[PDB]
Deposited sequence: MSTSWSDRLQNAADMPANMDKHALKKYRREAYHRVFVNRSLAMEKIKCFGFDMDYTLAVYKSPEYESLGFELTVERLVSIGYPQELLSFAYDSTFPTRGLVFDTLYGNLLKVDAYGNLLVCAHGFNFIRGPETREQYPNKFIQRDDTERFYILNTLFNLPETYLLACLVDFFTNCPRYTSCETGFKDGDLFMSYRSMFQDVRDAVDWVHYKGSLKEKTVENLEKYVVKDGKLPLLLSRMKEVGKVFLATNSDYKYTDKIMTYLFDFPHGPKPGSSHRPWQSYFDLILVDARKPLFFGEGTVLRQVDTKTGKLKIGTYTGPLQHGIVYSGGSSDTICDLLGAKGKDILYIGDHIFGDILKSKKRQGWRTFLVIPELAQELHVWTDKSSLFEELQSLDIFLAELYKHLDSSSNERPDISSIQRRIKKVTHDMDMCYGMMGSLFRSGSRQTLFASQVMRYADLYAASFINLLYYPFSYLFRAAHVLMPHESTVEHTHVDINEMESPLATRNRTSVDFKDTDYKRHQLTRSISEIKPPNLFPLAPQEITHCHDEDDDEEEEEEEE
């Protein structure tokens, strides 16, 4: 069965046909389109900036999530969780990105931009409407209550999204434990959902920063990372009309190993070209960025000793120099060193919060959101477009019905059953962007904060670099009538 990284690999395998009409032809197929929420005149962009993980380096699915899952389960068992966790196995059909974990009640929630509950799952049991009112009287959560609610926003969170559901299901059904509203009881030991969640969160961090996940990734890069020969071509085209920079949270050693792989072709920008080191594609390279803090105060600007991969002692005070690698600093480092203002910058990333929302809101940067799942989402949205149309029709009929003073009822049931049918085509937690006719929190933040978005940053290759990406003018309801 074809995953979303599979469709990315297919396109990644194909060479760049830069014939002008092949590009137009290519960029009307929606897989290869750049989609536009707010209008952007590429001619005015002076700096193209990049995230790395799941932006330049898309990890293959479900291999990477499975590996992260396996390593996280073993960290938990190693710290004392029960051995039965080792029989868990990652199932990519369950988790959708952007879910909310309620650490009070142990539910995964899919919500809209206002915190309305679209899906509620306790372990693997999907709680429906009336049952959810017992815990959510108004069917609503205050998502800015970040002490209770954790939003699982990155593809790095997909393993723990599934794992948390596994854990709830396990403790709920294992007779050694007694279920309570707020966690599980085994004699004089009480395990709250909240402390369960913290352990999972800690295990994921540890696996990434003290465990073996990076090691296992780098020793089988072909198994775990998508490679695309068109990347050096896109970056060198960008270098011709402007400056290119890298700003990543990862450290230098991991960044160097991953980026060496991403440029490991028998050629440079195009076949026949001398191969060039990955660093030569960037006017500025910054690691340990600590985004989103990076877009505020940031941290002290350091200089990487690239021979040892350690930071040099002290704050770096000097000029932008060929060959230098920076660590920490802030968004103002980029602006100062490349002589750019926020709106001269297109920053390309995959973290809707850490890359897009914060650079937009706090600095006025232009934004490009990479959504790796979009390839699969697009395939499903077109296949089952019929169901969405029926959903629209049923809503219009439901209105032209209330306006005539138990028919309104069978429609509401028909609406709920089409919604479910549509949602199941994406997975058990439904599409990334909606549940039926109701848009997700994630969808609404994409529209709000990503000026452009696409299945992959590479789709920029298919647009001339003076292109004006145009969204339609937005009208308030009273401006139409």
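A.B. asks: No C-alpha coordinates anywhere in a stretch? Then put that deposited-sequence range on the list, in order along the chain.
C.D. replies: Absent from the structure are positions 1, 407-413, 490-561.
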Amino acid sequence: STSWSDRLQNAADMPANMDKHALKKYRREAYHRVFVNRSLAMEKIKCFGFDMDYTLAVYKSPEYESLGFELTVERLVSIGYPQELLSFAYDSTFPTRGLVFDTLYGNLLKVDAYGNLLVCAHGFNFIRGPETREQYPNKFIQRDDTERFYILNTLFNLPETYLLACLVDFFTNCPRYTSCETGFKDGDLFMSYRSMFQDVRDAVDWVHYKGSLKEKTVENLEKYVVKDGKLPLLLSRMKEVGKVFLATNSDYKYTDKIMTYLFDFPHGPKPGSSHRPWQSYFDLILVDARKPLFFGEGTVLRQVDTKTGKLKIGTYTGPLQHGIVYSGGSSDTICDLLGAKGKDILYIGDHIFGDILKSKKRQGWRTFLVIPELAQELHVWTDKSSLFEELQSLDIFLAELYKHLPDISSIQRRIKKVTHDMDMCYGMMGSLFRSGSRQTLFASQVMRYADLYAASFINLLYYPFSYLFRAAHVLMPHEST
From here on, numbers count along this sequence of modelled residues.
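A.B. asks: What about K310, is it left unmodelled in a third or more of the other PDB entries we looked at?
C.D. replies: Residue status for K310: no gap in any other entry.
A.B. asks: At least a third of the other compared entries lacking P319?
C.D. replies: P319: modelled in every other compared entry.
A.B. asks: Hey, which bit's got the bigger mean C-alpha B factor in the entry, 325-333 or 184-192?
C.D. replies: Mean CA B-factor is higher for 184-192.
A.B. asks: Mean CA B-factor: is it higher for 210-218 or for 406-414?
C.D. replies: The recorded data point to 406-414.
A.B. asks: Which one of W381, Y254, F294, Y162 shows the top CA temperature factor in the record?
C.D. replies: When the deposited C-alpha B-factors of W381, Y254, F294, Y162 are compared, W381 is largest.
A.B. asks: Between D144, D305, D202, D169, where does the Cα B-factor run highest in the record?
C.D. replies: Among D144, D305, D202, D169, the PDB entry lists the largest C-alpha B-factor for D144.
A.B. asks: Can you work out whether the C-alpha temperature factor of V446 puts it in the lowest, middle or highest third of the chain?
C.D. replies: Its C-alpha B-factor belongs to the lowest third of this chain's values.
A.B. asks: Using only modelled residues of the chain, where does the Cα B factor of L432 rank: lowest third, middle third or highest third?
C.D. replies: It falls in the bottom third of the chain.
A.B. asks: Could you look up the Cα B-factor of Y150 in the entry and say which third of the chain it sits in: lowest, middle or highest?
C.D. replies: Bottom third by C-alpha B-factor.
A.B. asks: Where does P232 sit by CA temperature factor within its chain: lowest, middle or highest third?
C.D. replies: As the PDB entry reports it, the C-alpha B-factor of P232 lands in the middle third of its chain.
A.B. asks: Test of reading the entry: by CA B factor among the chain's modelled residues, which third contains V36?
C.D. replies: Lowest third, going by the recorded CA B-factors of the chain.
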